[PDB]
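What follows is a single structure, written as C-alpha cells, with notes after it.
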Amino acid sequence: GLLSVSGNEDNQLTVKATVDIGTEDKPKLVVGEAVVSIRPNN
Amino acid sequence: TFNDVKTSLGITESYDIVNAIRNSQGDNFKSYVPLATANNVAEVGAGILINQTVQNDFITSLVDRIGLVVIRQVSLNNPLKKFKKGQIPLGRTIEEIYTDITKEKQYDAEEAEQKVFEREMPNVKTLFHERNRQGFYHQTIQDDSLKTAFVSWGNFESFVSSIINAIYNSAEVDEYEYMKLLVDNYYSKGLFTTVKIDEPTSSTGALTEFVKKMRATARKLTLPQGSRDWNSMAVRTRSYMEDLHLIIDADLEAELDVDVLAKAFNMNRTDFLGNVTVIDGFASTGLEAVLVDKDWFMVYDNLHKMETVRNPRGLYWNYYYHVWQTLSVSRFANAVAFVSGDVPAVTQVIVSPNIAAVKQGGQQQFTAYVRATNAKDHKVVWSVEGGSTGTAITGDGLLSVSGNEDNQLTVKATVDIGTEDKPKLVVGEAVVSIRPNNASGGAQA
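Listed below in C-alpha cells is the structure:
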C-alpha cells in the first residue's frame with residue numbers, strides 16, 4: 400500500500416483495496432476505498 | 004442631431020426575445036404570453052442610449068417630454084489611505100536612518116594590546132525619499148452652455164456638483180493606483196523577497212498549501228530575534244503581528260471562506276494571520292499576494308489645493324485640484340512577495356557598505372548578500388569599475404584603492420544564473436569615493 404505520487408499529478412486518487420471472497424467467474428470483490436487528494440510540490 | 008438610430012446600438016443579440024416568446028409552446032416563455040404589451044417592453048426596456056423625439060400617442064404633432072432626471076452620484080474611496088503617514092508641509096526629502104547589529108569579535112587579549120582605540124564604524128544605512136507625485140486634475144464647467152440640458156435649477160445645481168465630485172473621485176482612485184504602483188515597482192526592481200508558491204483557484208490543495216506559507220512567513224517575520232532575510236537592505240528587522248498587512252486580491256478572500264474557513268472547526272487556525280486588505284489585483288505577471296508592514300508604505304502629502312478661474316470670453320470655469328504627495332516605500336520593512344509563476348533564481352544582490360569613502364591607498368571590506376530563491380549556493384564575482392590601474396578587489400570582497408586614485412569608484416558583486424549564450428547576471432553595487440591623501444610621491448612605493 401505505499402502509494403507513490405509521481406508529480407505532474409492533478410487527479411483525485413481513489414486508493415482501492417479489493418479482497419477476493421469468491422472464486423473463478425464469481426469473484427465478489429469486497430472493497431474499501433480511501434480518497435486521496437493532491438498537494439503540489441512547487 | 005443623429006438621423007439614424009436603432010434601439011439596438013452596440014447590442015449583440017443573443018436570441019431575439021420578441022420572436023422567442025411568440026414562437027414558444029412549452030419553451031418556458033409561456034408565462035410571457037399573457038403579457039399584453041410585452042413586445043413594447045422588450046423593445047426599449049433595457050435602457051436607450053441615444054434619445055429620439057418620440058411623438059405623442061394621442062396627438063401626433065406633440066412630443067413626449069422628459070419628466071424625470073436622475074443624477075447618479077458615486078463616492079470612490081481608497082482602501083489604502085490607512086497606510087499613509089500624514090503630511091509634510093515644508094521641505095522635500097525624508098531621511099530614514101537605521102543602525103544595524105554588529106559582528107561578535109572574539110576575546111583576544113594579545114590582539115587587544117594595540118587595538119584599544121580601533122574606531123570600528125557603526126552599521127547605519129540611509130534611505131532618502133522625495134516628493135514624487137506632482138499633478139493636477141483639470142475640469143471645465145461651461146455654466147451657461149449646460150443650461151440648455153436643464154429646465155430646473157435644482158438639477159442644474161446638482162449636476163454642477165457632480166462634476167465637482169468627479170474631481171475628488173479622480174483623486175482617491177489615482178491615489179489608490181499610485182500606491183499599487185509602488186508594489187509593482189518594487190517587484191519589478193526585484194526588491195521584494197519572493198516566496199515561491201503554486202497558483203490557487205486551480206485546486207483546494209493549491210490553496211491549503213498557500214495558507215501554510217502564509218502563516219509560516221508571518222510567524223518567521225515576527226520572531227523576536229529578527230532576521231535579515233526579508234528586507235531590501237538586508238538588516239535585522241523584527242516586525243510585529245499587529246503591524247502586518249496582507250494585500251491579497253478579491254479572489255483569495257471568498258475562496259478561503261468557502262473551501263477552508265467554512266469547514267473549519269477552529270477558524271483561528273486556518274485564517275490568514277495578519278490584517279487583510281482586498282484589492283482588484285496586481286498588474287505584474289505572477290504576483291498574487293503581498294505581506295508588508297505598514298512601515299513599508301511612506302505616503303506623505305504635500306499639497307491639496309483646489310483652485311478656480313473663470314474665462315470671460317467663453318463663459319466657462321476651470322477647476323484645478325492640485326495633488327502633490329510623496330509616494331515611496333521603505334526598504335527597511337519586511338516585504339514579502341507571494342509569487343506564483345516562475346521566478347529568477349537570484350532576485351537581488353545586496354552589498355553591505357552601499358556608501359563608502361575610503362582613502363587613497365586604503366582598504367574597504369565588502370560583504371554581499373545574495374537573495375536566492377533556492378538552496379543552490381551561488382558564487383559571487385567581485386569587480387570594480389570607473390577607476391584607474393592600481394585599483395583591485397579581492398574575491399572575498401576587499402577593495403584595495405591605489406596610491407594614484409582620484410576617481411569616484413563603483414564596486415560590483417555579480418551573480419550569474421543562465422548559461423554562456425544568455426548570460427543572465429544580477430549584480431549588486433556600492434559607490435566608493437576616494438578623497439585624496441597627503442604624504443606621498445616618488446618611486447619604489
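Top line first, the protein sequences correspond to chains 1F and 1C. Remember, PDB author numbering sits 399 above the position in the first sequence when you count from 1. Remember, PDB author numbering sits 3 above the position in the second sequence when you count from 1. Just so you know, even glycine gets a beta-carbon here, dropped at the ideal spot from N, CA and C.
- By the rule that beta-carbons nearer than 8 Å mark a contact, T211 (chain 1C) touches chain 1F.
- In this structure, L402 (chain 1C) places its C-beta atom within 8 Å of the C-beta atom of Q366 (chain 1C).
- Proximity of the segment 321-334 of chain 1C to the segment 304-312 of chain 1C meets the contact definition, three or more beta-carbon pairs being nearer than 8 Å.
- Among the residues facing chain 1C, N410 (chain 1F) is not included, as its CB has no counterpart in that chain under 8 Å away.
- Among the residues facing chain 1C, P439 (chain 1F) is included, as its CB has a counterpart in that chain under 8 Å away.
- Comparing alpha-carbon positions, the option among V434 (chain 1F), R438 (chain 1F), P439 (chain 1F) and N441 (chain 1F) lying closest to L412 (chain 1F) turns out to be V434 (chain 1F).
- By the Cβ-count criterion, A360 (chain 1C) is exposed, with fewer than 16 other Cβ atoms from all chains shown falling within 10 Å of its own Cβ.
- Comparing alpha-carbon positions, the option among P203 (chain 1C), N43 (chain 1C) and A221 (chain 1C) lying closest to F213 (chain 1C) turns out to be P203 (chain 1C).
- Among the CB atoms of chain 1F, none fall inside 8 Å of the CB of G229 (chain 1C).
- Of the residues assessed, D409 (chain 1C) falls on the exposed side of the cut-off, its CB having fewer than 16 other CB atoms within 10 angstroms.
- In the DSSP assignment, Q328 (chain 1C) is bridged to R136 (chain 1C) and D304 (chain 1C).
- In the three-state scheme derived from DSSP, where H, G and I count as helix and E and B as strand, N126 (chain 1C) is classed as strand.
- Just measuring C-alpha positions, the residue of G421 (chain 1C), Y140 (chain 1C) and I91 (chain 1C) sitting nearest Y171 (chain 1C) is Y140 (chain 1C).
- At a C-beta separation below 8 Å, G344 (chain 1C) has no neighbours in chain 1F, since its nearest C-beta there lies roughly 11 Å away.
- Taking each of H381 (chain 1C), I396 (chain 1C) and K382 (chain 1C) in turn and checking the Cα distance to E388 (chain 1C), the smallest one comes out for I396 (chain 1C).
- For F32 (chain 1C), there is no enclosing beta strand (DSSP E), as DSSP gives it neither H nor E.
- Non-local C-beta neighbours of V198 (chain 1C) in its own chain, meaning closer than 8 Å and more than five positions away in sequence, comprise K216, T220, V339, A340, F341 and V342, ordered along the chain.
- Counting C-beta pairs with one atom in each stretch, the segment 274-285 of chain 1C and the segment 242-254 of chain 1C have three or more that are closer than 8 Å, which means they touch.
- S386 (chain 1C) places its beta carbon 8 Å or farther from that of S405 (chain 1C).
- Taking a cut-off of 8 Å for Cβ pairs, the segment 422-436 of chain 1F and the segment 173-185 of chain 1C do not touch, as fewer than three such pairs fall below it.
- Note that the C-beta distance between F86 (chain 1C) and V302 (chain 1C) is below 8 Å.
- The residue among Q351 (chain 1C), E46 (chain 1C) and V384 (chain 1C) with its C-alpha nearest the C-alpha of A375 (chain 1C) is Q351 (chain 1C).
- Within the segment 174-233 of chain 1C, the runs of beta strand (DSSP E) at least 3 residues long that lie entirely inside it are, in chain order, 196-199.
- In the displayed model, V72 (chain 1C) falls within coil according to three-state DSSP, outside both helix and strand.
- Secondary structure of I353 (chain 1C) (DSSP, three-state): strand.
- Contact of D201 (chain 1C) with chain 1F by beta-carbon distance below 8 Å involves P439 and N441.
- When Cβ-Cβ separations below 8 Å define contact, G208 (chain 1C) makes contact with chain 1F.
- Sixteen is the threshold: since fewer than 16 other Cβ atoms of the shown chains lie within 10 Å of the Cβ of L12 (chain 1C), the residue is exposed.
- If you check the CB distance, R136 (chain 1C) and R95 (chain 1C) do not come in under 8 Å.
- Per the Cβ contact rule, the segment 49-57 of chain 1C is not in contact with the segment 258-266 of chain 1C (fewer than 3 Cβ pairs under 8 Å).
- For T329 (chain 1C) against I100 (chain 1C), the beta-carbon gap comes to about 17 Å, at or over 8 Å, which does not count as contact.
- With respect to chain 1C, the C-beta atom of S436 (chain 1F) has a partner C-beta closer than 8 Å.
- A straight line joining the alpha-carbon of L79 (chain 1C) with that of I144 (chain 1C) spans about 21 Å.
- Counting only runs of at least 3 residues, the segment 249-281 of chain 1C fully encloses no beta strand (DSSP E) element at all.
- If only complete runs of 3 or more residues are kept, the segment 355-435 of chain 1C shows the beta strand (DSSP E) at 366-368, 371-375, 384-388, 395-397, 401-403, 412-419 and 428-435, in order along the chain.
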